[PDB]
Structures are given as C-alpha cells and as structure tokens.
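Scroll down for the structure; my scribbles are underneath it.
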Ligand SMILES: CSC[C@H]1O[C@@H](n2cnc3c(N)ncnc32)[C@H](O)[C@@H]1O
Ligand SMILES: CSC[C@H]1O[C@@H](n2cnc3c(N)ncnc32)[C@H](O)[C@@H]1O
Ligand SMILES: CSC[C@H]1O[C@@H](n2cnc3c(N)ncnc32)[C@H](O)[C@@H]1O
Ligand SMILES: CSC[C@H]1O[C@@H](n2cnc3c(N)ncnc32)[C@H](O)[C@@H]1O
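Chains as they are written, first to last, in the authors' numbering: chain B, 24 to 315; chain A, 24 to 315; chain B', 24 to 315; chain A', 24 to 315. A prime marks a further copy of an entry chain.
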C-alpha cells in the first residue's frame, strides 16, 4: 500500500492508483513518456504526467474512437490517423477486413518507438504490412500530400488555446485542410475530450459545434472510461448521412471486423449517441467555434 | 490545496476531494455520520467513511431512482421508501402532483435528524405534510402493516453477505414481503449498486436476476455519477409492463412533475436503459439469485 | 483516517497530518488564515497554507526565539517584536519579571484579532497590561518612533527576494534602522529559517552572514521542531558580548522567568549553539549579504 | 509530481517522498525488501515498508553510530556488528586504519545479498578483506563463539515487545552474553531509537537506563536525520570512561580515519551528547529496565 501514482483530474480532485512499478521511460522534446505498472488498471501509458491508456480499459476508448466511423462507411479502404503513436487506434482499424492501408501520422517518434516496444498489445498491429508510420505534424502531412482517405481519425490531445494540437480542431483546418482529403462518402471522427455532466462544456461542445460549421452531418457520442474517472467523447462528421440502426451496425461488425468487440455493439452505439438532457442542451446552444 | 478527504473507493484506488471544512458529525448504533464541505462537489454526506450524497450531483442519483418508476405508473399516489433518511428521495417524490402520501422508513433516526437539521436542500421536503417519517427496519415495518403502495422505493446500501441490508434484496423478501404490499399495477424500484463496465458484476447483475425470478417485467438502467467515479444502477420491477416512449415520458413529466428535471428527460431514460454490450450479456446470462 | 492536511515542505516531500476539523478561518489582503484541529500536533495555525504554530510543540520555537536573548541581557526592560501577531512570542517575553513593556508590531490586524480570540494559550498574554499592540509594518514603525529598546525580536517570515519581509533582513535595515533603536547593551534576535543539514543554506547562513556585517557579536543556534519536519534556526546579535555558561543561564532563568521552561535550560542552549561540522562550515564561508 | 512513496511514520502522520522509480525488490522469512529511487533522498532501502537508509543522509546515522565508539577506544582492532546487512556500518568501520577485522552478523542473508548487489556506495566495503559476513542471530552467534571484541555495534531494529530484536536489548543479554565478549577496555554502542522531544520516551530512555544497570560509563547522544523526520539516538557503554575533548576527537580522526567525515567533527559529538532539558530529565529519571 506504499507507492501511488496520483493525478489531479480536475483541480481539487485527485485520482490515485497503487503502483507495482515504474516499468520504462523515455522523454522527447514533445513530452515526458512513462509506462507504469498499476494495480487497479494494469500497465498505464502516461504522457506529461497524464494517463493516456490503461491496460484494463483502453479497449473502450479505442473501440469507441474507431468502429463507429468505419462501420457507417460502405467500404472503408484507406485511413489516416492524426496522432496514434500509442498504436491501439491502428490495432483497432486493422481488425477491419475492408482496410488496405492505415497511415499513422504521429509528431513524436519517441512515442512510436516506445509503444512499439513496450505496449505489446499492439505488437501485431505495428508489424501489419498495411500500416505505414509517418513521423510528422499531421496538419503538415495532410496539407503536403494529395492522397484522399475514406476515414480520417483524430487521436490527438484536447484543443487548448496556445497549445500544440489546437490548430487541428479549427474551422479552417476542417474546411480547408481536412475535407479536401476525404473521398466522397468520407467520414471524419475525432476524440473530443471529457463528456461528463459538468465536464462536457470544456471542449466537447465546442468541437461538436465547430464540426457543425463545416460538415453536413455531425454525430456526438460518449462512453465511460473507468481509468479516466469520467465520461469521454468522440464526434463523427461527414457530408453523407450517419444513420444506421443497432442491428445494421451489428451485421456490419460480424461481416467486417475480425474477432468480437468487447465494448461496442450496435445498441451500445445507439445509447452512446443518445446524450443526456443537459449535455444535448449545451451542444445545441453552443456558439463557440474554434478558429485561427 | 491543503485539506483533503480521501476515500479508497476500490482496492488500490483512492479518490480525493479538497475540503473547505468539516461541517458536522454524528453517530448511532448503525453508523458514523459526517457532513463535509468539499470543493469539487459541495456538501457531502458521509456514512461510515463512505460517500453517500454530494450537493453538486446527487440530483442525478435521486432523479434516476424516483422519476422512471412514477412516470410509468398511470396514477401513483402512495409510496414507501426503504431507507431515504438523507431526504433527497423524498424531495424528488414530492415533486409529483399525483402523490398524496410518502412514507420514509429509515432504521437510523440519527441519520434522519442529522439530514433534517443540516441538508438545506431537503428542508422543505422534510416539512411537507404528505411526508411521514417512520424509524424502523423497512422489512419489519412492511410485514407489520397491511397497507399497500403504488410504488415502493429501495434506497438502501448494497446487499453485502452478512450485512444489515442483504435481507432486503432476497427472492423471499421480494416474493413474500414486498410483492404483497404493492397495489395492483404496483411498481418497485431499487438502487442496484455499481454498473460500470467491470463493477456491474458485484451486485447489479444479481439484483436484476433476483427481481426476474419474482416480477414479470424488469427493466435495469444506469447513469454516471461524477462524485462516485462510476456508473450507478437501478432496477424497475412490476407485474405490468414498463414501456413508454421518450415522447410519452416527456409529456408525463410536463403533466405531473413540478418544475424541470435537471438530469432526466425521456431520451435520457431510453439511453439509460440501453446497457452496453458486456453489461447486457452479464445481466442476461446471470444465474445467482439472492436467498437467505 | 479520511481527512488530512498536507503540506509540501520541500518540493517532492509531503508532510501530512490527520485532521479532526477545520476550526476557524479568516483571510486578509496579507494572507489566508486558518486554525486546524490536527491529530498528531493539536491545534495548528496555518498562514497562506503554511503551518506556523502547532499546539504540541510551538513552545520549542517560542522559548528558543525569546529566552536566550533576554537572558544574555543584564536587565531587559523594554522589547519590540517585529511580527508576533500569533501572540506566543509575547507570552514568552511576558514571563520575564524584568519586563515592563512589550510592543507587538504586526502588519496584519486580522492575524492579531484571530489569535487573540482563538489561540487561547495566549489569552493572558494578550490581556497583560504590559503589552502594547501596534498594527503596522515593523520597518515603518521603527523608523517613525524614537524609542529605543533593550531587545528587538524578529518573528517574521523568511526573506524571499521580491517578498513582503525581505527588507527587514537587509544589511541597511540592521545598520540604519535597527541598531539605532537598540540601547547600549541591546540584543537583537531573529528567527532565521530552516537549519537542517541541507536546508541551512537557504536563508540561515545568509542571515547569520548579514548580521555579521553589522553587529560585533553574532551567535547562531538551532533546534528541532517536530511539526516543522526540520531543524529551525535563530540568530542573536549584539555589540556587547554574548557568552554565558549553561549554569549562568540556568541561574538567570530561575531568578527572572516565571514558571519552568519546558524546552530550554542552559545546557540546551549551549548544545543549540554548537552547530554541526557542515553547518558551521557553511556559516563560516558564507559570502552572501542581503541588500536593498 | 505524479509518483509517491508514502509511509505512516507515526499514527496520523504521513511522510511522502516523490519517486523516480522502484529499482529492485526481494523477500525472506524475516522481511520484505525494496529499493526505491526517490527525489528528495536518492536511493532508499525499505524493509517491511519502513524506511531504513536513504542515500542523501545515511552518512549521518552511520558516522554517528560508528565513529564515537572507535575514537574513544585507545586502539580498536576487532569489531562485531549485530545486524548491519545494509553495509554502511561496515563501510564506516573500515574507514579506520586501526581496524583489522569486522564481523557483520546479520540474521537475514537476503538483506545482505540484496544490498551487496544493489547498494553501490557499499560495494567496496563488502569486498574488503577485513570484512567477514556471518549469517546468524547475533545473540546465538555471540554465545556460540568465545572470541572477544574491542567494540561491539548494535545496528538492529528497535526493541518492541514480542519482536525479533527485543532480546538483544535486555539486562540479561548485556550482562551475560555481550559483556563477556568485550575485551578489557571494550566499548559497546547501540542505535537506540527515536530521540525527539516526545519520541525519546518510546525506547531511547529505556535503552539508556538498561545499559546503566550493567556498564559503569554510559553516554547517550543524538542527531537529526532528515529522511526520518526525527532525531535519532545512540548509546555508548563501557567499563572505562568515555571522555575526550572535541580537540582530542578531531586529532584522533585525523590520525585514524581515512578521508574527512562528512557529518561528525569533535564539536558535533559534544553537541550530540548534550541532550535538551526534557530529554535529559527523562533519561535521568527513567526506571524501566528491559528484561525477558
Ligand atoms: C497526448 S497527444 C496524443 C498523441 O498525439 C501526438 N501528437 C501531438 N500533436 C500532434 C500533431 N500535431 N500531429 C500528429 N501527432 C501529434 C502525440 O505525440 C501523442 O502521441
Ligand atoms: C447508506 S444506507 C442508506 C440508508 O438505509 C438505512 N438503512 C439501512 N438498513 C436499513 C433497513 N433494514 N431498513 C431501513 N433503512 C435502513 C440507513 O440508515 C441509511 O440511511
Ligand atoms: C508568516 S509571517 C509571520 C507574521 O509576521 C507578520 N508580518 C509580515 N510582514 C510584516 C511586517 N513587515 N511588519 C510586521 N509584521 C509583519 C504577519 O502578519 C504574520 O503575523
Ligand atoms: C531493520 S533491522 C536491521 C538489521 O537487523 C537484522 N536483524 C534482525 N534481528 C537480528 C538478530 N537477532 N541478529 C542479527 N541481525 C538481526 C535484519 O536482518 C536487518 O538487516
């Protein structure tokens, strides 16, 4: 009971996990990198002292981030990840039998190399001949190449004014950089920060609203992640409709995804996408738009 | 911040709230009592060192516990609360225009008087002329009185083996004590413990399955409670169906409930009662029944 | 075991006391004020989240701050405290039968009023007809009045560049403001911050060295305070010698001080003033002088 | 900072050190073993969840434990350590040019091998040809061998009733086992627990008084150990006097000890052996004697 990892989730609120060990480290100019072996949540990847992915429950975040977008697509073949150095987003994408190519574009080579070696859940993903790793700022990569994609996946940090990832959540990014690189029928999905009853106002509503200014159809959704001590959110965006029944989603999963999902079925997604009264209300009334 | 309340909410997992003050304390034969003034969650009632109700979010637990059961009844008039010394269950029940009598049967008078003295938000509820307070074991109290109720509400602790509340979750209790004290068309609802992706197997699935042995129609549902750092669960049970649309629920809230709910609208209840894949599978495959 | 007061003593080092209650508060523009009722150390006065005085052991700090200076004086009659709003420095001074007048000059009236009411160890001190309370910056008070004193006592915060108390530790303060207000045979004593094996370099050595530039005789000394999690320091300074045997000090205490000291006898002071090898070495080699 | 080692060093009192890592662990029949890499104190050996030796300040404990005893002997040649598996006691003893043989008798081989493997500062000491390691209970080992020593060193745990080390602090042990294994002019020194203003009554005063029943000359002394957040105690005992000046001690260190001590000079020992008022009074009024 003597060693603890502690994080201040919100100020005046601390979440503490008993520690077995501090397994491996790196550090880059971009961020501090650590892998902790924790008692309640297993191995935990921590970046700049912030938990990113815990062994026991990261499947929830990665299944929610990836599967709804691909399943709403009629035939998703090629896909670009903004971020994703941890490798689990890639792992989940690669379970889709329709996928020919996944480009993982992470700014930090140290994250990629670290996780490739030490997040061994992703070992087969990292060695899948369909994966191409690119080391670059994702906005620069997208602007610089002509290739278009069926799905683009944002797996970056929250947009904080003055911060490194903000510019990949702006109206101008989505409109001028992102949409030109989606094929017809293309779907964007991004992680969209906390989506709790109070916490949803921090970035989730703004991301939803910003996407609403650019894409015709925008579907916000959320799920609890125990290790995060909150509900997390994601947003789908597309110029083609995003409206499938629970059973339609299930049929698509059984046909197209190798192995059973552990978190997500069709009903789970329908529930995730039915937000609570107050959260719906904030999203509907939100006027803030991220710009730069 | 200098002052903290710390609770080990699961083995190897600590949840800490910064404190403004420690307001009042009390004690009884059944439990120690404290009211803390916390920074993240306002005033928080703690019983035996376990958080019960926090000012900022107890609305969620109490709206979830109360409103679905009454809204699905054609005309709910009398209601009996097992426990509810804290007073927020009563507060919510008394928001219904159809209600003419609320019996709060809590075993611990010290809890009742403590909250009646110090939980300001329930002052008005405790003084409502429809509210009758009875200090007793709710099982004995139900057996010893022939009166029957349109709704019975379980607001007890989790059924822990050898614990004081266990016996109010057994098949025999439901079948031989509780069911005979429901009027025709009667609805029972109980709090049913943690309903997280892993925590749902502790009691929630067993409470669902136990009620399934006794009532024809049983509807489990859940919602995130920030202050608990988990999803929490409730189960409706009745020998008449419990099936209304979101739109019907919303009309009925407008007709029957004084002022606007803060958490719950019709679609929120639909979402709440659509459990995730793994949770539905546990509930549907469960075989444990609580018996003496 | 649930409520704790925590302080980061040095960074990466936390000292935590179990809390009974948060008894009283104030706040002024100068500082936050709190009285905590702690389990290990009793009642604890905390200013700006920093422990100042704990019930169980503040006698150590106040006996060490006050008694050596007065006892080295042949007949100390009038005495000025820089700071001392907490009242215990005054209490200790007032045990001297030679003392006619104590001036307590604290900048913060809220500290004085708070402690007068709630640090009831000092109740009789605050009501001693010999005490005069002045509310003012001590440097302004000393510069503005002509009255000279037999002993001046610094009971202020550590000198931090840019901070409120720094200017009362400078060479120019001691030389131009302070020494003119000492009578012949006058003794200055000030608290001089941490005096631990590593911590003594922060301010203790600089204070000692600064005093050395102004006063002929300068005697540094230190003692452990359990609640501080360190050795603390004080420095005597005078233009007349400071050299008494342990027995001479004892005889003076029995003659001049009402009641028995609990911490300090003559041998204790001799030991306190014999610093360890490394601390002596830092004090001897120190070249930094506080100036402004 | 995110990772902490926490130890409850007294009831209701927690001392927490930020961690770089958890280096190695081990176990035996007698205790669990861990080596932590801490921010405030460097590498720290922990036995049964209790801090033993920290890299930044263990020099203080080990110089205090060893050097006074040898310096007061005219010519100390052979020495027996009760415990000392950690190796720093040996390290210090081996700094003396007069020493020809050091017996380290520790009951736990796992402690010995753990520290011999992982405590770098003692590598050289463990490989010194004067050092002999014996794995045994030091009481049995002393009884079973007729060899006598110029100095015996107690480096054990505190005598706790019903504990493994209790029997190595009793009058009968000292009188019938230890005293017959001291050569004429022999000196015993033992660690003697906490020696704080309040903590000195736990064992320090009883260890002093017990030794007083058996040896003609007994000298208690103490020093602050930052990592322990307390003053610690040792007691010298001999049938010849233990009385040298600071100047004599310093000359003898120059003559006999390789390189400069970091903590201890002659005046430091004088200060150490001049206890404060309340501590001297406890030691001098004590009547408990440790007996079987
Ligand atoms: C905590 S951020 C999650 C991931 O996004 C990566 N990242 C941050 N900024 C960018 C960017 N501009 N383009 C691509 N990846 C990024 C980080 O290296 C990390 O792996
Ligand atoms: C935290 S338990 C919730 C409430 O249930 C009450 N309680 C516990 N057991 C029973 C019982 N058998 N009957 C009625 N109330 C109970 C407690 O006093 C508390 O206020
Ligand atoms: C923690 S500082 C200790 C005391 O010194 C007081 N103090 C701080 N600055 C000054 C000053 N310049 N003159 C007199 N008292 C002061 C504070 O109000 C507090 O009571
Ligand atoms: C923390 S106890 C200090 C050392 O004493 C050792 N020890 C405990 N009891 C005895 C004993 N009876 N004889 C010798 N060493 C002991 C332990 O293994 C440890 O290394």
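Idealized CB from N, CA, C, for every residue including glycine.
By how many angstroms is the C-alpha of residue j removed from the C-alpha of residue i?
i: residue 24 (chain B); j: residue 65 (chain B); result: 16 Å
i: residue 273 (chain B'); j: residue 283 (chain B'); result: 10 Å
i: residue 316 (chain B'); j: residue 53 (chain B); result: Only positions 24 to 315 of chain B' appear in the structure, and residue 316 (chain B') is not among them; the question remains open.
i: residue 155 (chain B); j: residue 127 (chain B); result: 6 Å
i: residue 176 (chain B'); j: residue 107 (chain A'); result: 47 Å
i: residue 115 (chain A'); j: residue 49 (chain B); result: 37 Å
i: residue 40 (chain A'); j: residue 32 (chain A'); result: 12 Å
i: residue 36 (chain A); j: residue 117 (chain B); result: 33 Å
i: residue 70 (chain A); j: residue 56 (chain A'); result: 37 Å
i: residue 183 (chain B'); j: residue 192 (chain B'); result: 10 Å
i: residue 101 (chain A'); j: residue 112 (chain B'); result: 53 Å
i: residue 277 (chain B); j: residue 58 (chain A'); result: 50 Å
i: residue 90 (chain B'); j: residue 81 (chain B'); result: 14 Å
i: residue 289 (chain B); j: residue 275 (chain B); result: 9 Å
i: residue 134 (chain B'); j: residue 110 (chain B'); result: 9 Å
i: residue 308 (chain B); j: residue 235 (chain B); result: 12 Å
i: residue 140 (chain B'); j: residue 293 (chain A'); result: 44 Å
i: residue 72 (chain A'); j: residue 150 (chain A'); result: 28 Å
Could you check if residue i is buried or exposed, using at least 16 other CB atoms within 10 Å of its CB as the buried criterion?
i: residue 214 (chain A); result: buried
i: residue 291 (chain B); result: buried
i: residue 224 (chain A'); result: buried
i: residue 301 (chain B); result: buried
i: residue 34 (chain B'); result: exposed
i: residue 85 (chain B); result: buried
i: residue 125 (chain A); result: buried
i: residue 310 (chain A'); result: exposed
i: residue 143 (chain A'); result: exposed
i: residue 285 (chain A); result: exposed
Since I believe residue j is in contact with residue i (beta carbons under 8 Å), could you give me their beta-carbon distance rounded to a whole number of angstroms?
i: residue 153 (chain B'); j: residue 123 (chain B'); result: 6 Å
i: residue 211 (chain B'); j: residue 256 (chain B'); result: The Cβ separation is near 15 Å, so there is no contact.
i: residue 295 (chain A'); j: residue 244 (chain A'); result: 4 Å
i: residue 322 (chain B'); j: residue 105 (chain B'); result: Residue numbering for chain B' in the displayed model covers 24 to 315; residue 322 (chain B') lies beyond these limits and cannot be assessed.
i: residue 76 (chain B); j: residue 88 (chain B); result: Actually they do not touch by this definition, with Cβ atoms about 11 Å apart.
i: residue 201 (chain A); j: residue 259 (chain A); result: Not a contact, Cβ separation roughly 14 Å.
i: residue 96 (chain A); j: residue 208 (chain A); result: 7 Å
Below 7 Å on C-beta distance, what does residue i contact in chain B?
i: residue 33 (chain A); result: 63
i: residue 255 (chain A); result: Simply none; closest approach about 11 Å.
i: residue 28 (chain A'); result: 25, 26
Who are the neighbours of residue i on chain B', taking C-beta pairs under 7 Å?
i: residue 293 (chain A'); result: 297
i: residue 252 (chain A'); result: 252
Against residue i, what residues of chain A' qualify as contacts under a CB-to-CB distance less than 8 Å, listed in chain order?
i: residue 90 (chain B'); result: The contacting residues do not exist; residue 90 (chain B') stays about 11 Å from chain A' at best.
i: residue 45 (chain B); result: 26, 42, 43, 44, 45
Is residue i near ligand 6, in the sense that its beta carbon is under 7 Å from a heavy atom of that ligand?
i: residue 75 (chain A); result: Ligand 6 is absent from the structure shown, which contains only ligand 1, ligand 2, ligand 3 and ligand 4.
Going along chain B in order, which residues have a C-beta closer than 9 Å to the C-beta of residue i?
i: residue 163 (chain A); result: Neighbours of residue 163 (chain A) on chain B: none; closest Cβ ~38 Å, over 9 Å.
i: residue 221 (chain A); result: 79, 80, 249
In chain A, what lies closer than 8 Å to residue i by C-beta?
i: residue 286 (chain B); result: 220, 299, 300, 301
Residues of chain B' with CB under 9 Å from residue i, in chain order?
i: residue 72 (chain A); result: 24, 25
At 9 Å on the CB atoms, spell out the chain A contacts of residue i, in chain order.
i: residue 37 (chain B); result: 27, 29, 37, 38, 39, 40, 41
i: residue 290 (chain B); result: 297, 298, 299, 300, 303
Whose Cβ in chain B lies nearer than 8 Å to the Cβ of residue i?
i: residue 83 (chain A); result: 220
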